[PDB]
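Undergrad: Below is the structure I would like to discuss, written out as structure tokens.
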Amino acid sequence: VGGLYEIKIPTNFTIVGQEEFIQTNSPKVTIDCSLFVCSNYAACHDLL
Amino acid sequence: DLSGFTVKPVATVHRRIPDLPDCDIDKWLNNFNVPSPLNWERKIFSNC
Ligand SMILES: *[C@@H]1O[C@H](CO)[C@@H](O)[C@H](O)[C@H]1NC(C)=O
């Protein structure tokens, strides 16, 4: 309108909080391949 | 991380139903009235 534009400017405000979880680690899984594949069985450990 | 061990069994548990009769399987197999393949006979042995 002439040289001027209509703008909504804030007249009041507050502070808002926002949470953000970022994963940086995970459970350190470890496998005993021999115990998993063959358990206690000697005949399996031989073939493995 | 060394290979997985298992605790050694310290005793043996053996269970069987006592005082069951003999199955007599030989008496039935040695019976001289032998059937042909056409009329092959069956016997079922349990609790013996
Ligand atoms: C701003 O907003 C808060 C919450 O609605 C209110 O308590 C406060 O009086 C307001 N201030 C003005 C200048 O409007």
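Chain labels run A, B, ... following the order of the structure tokens; each chain numbers its residues from 1, and ligands are numbered from 1 in the order shown.
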Select from chain B everything DSSP, run on the backbone, classes as helix (DSSP H, G or I), then give the selection as a PyMOL selection string.

TA: chain B and resi 25-29+37-39

Undergrad: Write as an mmCIF file with C-alpha atoms, in the first residue's frame the residues around ligand 1, taking 9 Å as the cut-off and counting only C-alpha atoms and all ligand atoms.

TA:
```
data_model
loop_
_atom_site.group_PDB
_atom_site.id
_atom_site.type_symbol
_atom_site.label_atom_id
_atom_site.label_comp_id
_atom_site.auth_asym_id
_atom_site.auth_seq_id
_atom_site.Cartn_x
_atom_site.Cartn_y
_atom_site.Cartn_z
ATOM 1 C CA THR A 11 3.434 -8.238 20.792
ATOM 2 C CA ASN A 12 4.048 -10.867 23.492
ATOM 3 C CA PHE A 13 6.183 -14.033 23.881
ATOM 4 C CA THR A 14 7.198 -17.011 26.019
#
```

Undergrad: Set the distance at 10 Å and use only C-alpha atoms: which residues neighbour residue 47 (chain B) once local chain neighbours fewer than 5 positions away are removed? I'd like the list as a PyMOL selection string.

TA: chain B and resi 17+19-23

Undergrad: Using only C-alpha atoms, determine which residues of chain B fall within 12 Å of chain A; present them as a list in words.

TA: residues 1, 2, 3, 4, 5, 6, 7, 8 and 9 of chain B

Undergrad: I need the residues from that last selection saved to file as a JSON list (two decimals), in the first residue's frame (with C-alpha atoms), if you can.

TA:
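That gives us part38.json:
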```
[["chain", "number", "residue", "atom", "x", "y", "z"],
["B", 1, "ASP", "CA", 37.13, -63.58, 26.04],
["B", 2, "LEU", "CA", 38.02, -67.28, 26.39],
["B", 3, "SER", "CA", 35.91, -70.18, 25.08],
["B", 4, "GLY", "CA", 32.76, -70.92, 27.09],
["B", 5, "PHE", "CA", 32.89, -73.52, 29.87],
["B", 6, "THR", "CA", 29.94, -75.45, 31.41],
["B", 7, "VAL", "CA", 29.79, -76.64, 35.06],
["B", 8, "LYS", "CA", 30.48, -80.41, 35.28],
["B", 9, "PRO", "CA", 27.57, -82.61, 36.45]]
```

Undergrad: Please identify all polymer residues within 12 Å of residue 47 (chain A), counting only C-alpha atoms, omitting same-chain residues fewer than 2 positions from it, and present them as a ChimeraX atom specification.

TA: /A:34,37-38,41-45

Undergrad: As an exercise, work out the distance from CA of residue 14 (chain B) to CA of residue 46 (chain A) in Å and give it to one decimal place.

TA: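 A separation of 28.2 Å between them.
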
Undergrad: What is the CA of residue 40 (chain B)-CA of residue 25 (chain B) distance in Å, reported with one decimal?

TA: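 Atom-to-atom, CA of residue 40 (chain B) and CA of residue 25 (chain B) are spaced 16.2 Å apart.
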